[PDB]
């Protein structure tokens, strides 16, 4: 349960970073589209 | 436990909702391309 | 525990195969756009 | 062409709406796994 | 102009096929997390 | 029409990067749930 929390917490931290990156790139894509 | 059960099931419920909304939008996108 | 286990490992398996399929399709699209 | 473009524009905006939805589903899936973890940790 | 329009439509209909796969992967991930909440609940 | 096209190209190039990120996120969420499952089994 030290290998388990390390591996789950880190993967959820990485997933959340990728979903924020994707939000950044959709707002960028929507904005390029308006223009 | 009760809070754990509620937190999981409401987020899973909203995930379904959002993936249904996505499906509908995908089938719409396709409709507009075919035109 | 036998049912729960397999429902979870079966679903992560088809998820994983859907995600690799989408990478194939996304790489394809980047290449079509480049031309 | 003028109007085939507007058809691709309309289509991309809607595609962009579909992705944003799946992205919100992702965030919610993360919240659900984190709920399982929080319980295990406590 | 016309080539690029035919290019864009081809690209975008592939992109939509990718999103459709990520969307099915999402539904499967939900069933898996539900798998875990079912063993906890029971 | 030419400038409306290049803008669609650049919007879809960006949209394709967003999807790539959502794709990588779902790969991370699978590893997470798998980690939880391995702890239940073990």
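Virtual Cβ from ideal backbone geometry, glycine too; neighbours counted across all protein chains shown. Readers should treat all values here as calculations from the given coordinates under stated rules, not as data from a laboratory.
Note the distances from residue E:41 to each other copy's matching label point, with points 7 Å along the Cα-to-beta-carbon direction, in nm, sorted shortest first.
2.4, 2.4
Once you have the Kirkwood Rh of the protein assembly as shown from its Cα pairs, apply Stokes-Einstein at 25 °C and 0.890 mPa s and quote D in µm²/s.
Numbers: Rh = 18.2 Å.
D, rounded to a whole number, is 135 µm²/s.
Arrange the following residues from fewest to most other Cβ atoms within 10 Å of their Cβ: C:27, B:34. Intermediate results must be reported in sequence, preceding the final value.
Details: C:27 14, B:34 8.
Arranged by neighbour count, lowest to highest, C:27, B:34 become B:34, C:27.
By counting other Cβ atoms within 10 Å of each Cβ, how are D:40, E:5 ranked from fewest to most?
In order of increasing Cβ crowding within 10 Å: D:40, E:5.
To test your reading of the geometry: what angle, between 0 and 90 degrees and rounded to tens, separates the Cα axis of helix D:2-41 from the longest principal axis of chain D?
Approximately 0 degrees, to the nearest 10.
What are the semi-axes of the equivalent ellipsoid for chain D, taken as the square roots of 5 times the Cα gyration tensor eigenvalues, largest first, in whole Å?
One finds semi-axes of 41, 4, 4 Å for chain D.
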